[PDB]
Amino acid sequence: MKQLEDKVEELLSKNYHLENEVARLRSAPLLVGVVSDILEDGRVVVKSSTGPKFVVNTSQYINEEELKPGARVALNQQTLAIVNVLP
């Protein structure tokens, strides 16, 4: 009876850890690129590490100061919006 309660307790735990592993493995990546140049309208041209250059939007939370040519950026994989500026 306390045996069960224990099993319920470790099962809950194992299940929580497995869910977490699922969440981590399923989370979408971001795509790395380099800022090529900033446009008069606040859209940025990025060179994707996939090859092409794109005109993309930028996260409202990004300090636009940090967006300058040569800056390494991380892009949403579908919309290619700048999500982070990277070191």
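Start at 1 and count along the sequence shown; that's the residue number.
S.K.: Can you tell me whether 48-56 has a higher mean C-alpha B factor than 34-42 in this record, or the other way round?
M.R.: If you average the C-alpha B-factors of 48-56 and of 34-42, the larger mean comes out for 34-42.
S.K.: Would you determine, from the values in the PDB entry, which of 58-66 and 22-30 has the greater average C-alpha temperature factor?
M.R.: That would be 58-66.
S.K.: Considering only modelled residues of the same chain, in which third does the CA B-factor of residue 1 rank: lowest, middle or highest?
M.R.: Highest third, going by the recorded CA B-factors of the chain.
S.K.: Where does residue 13 sit by CA temperature factor within its chain: lowest, middle or highest third?
M.R.: Tercile = highest for this residue's CA B-factor.
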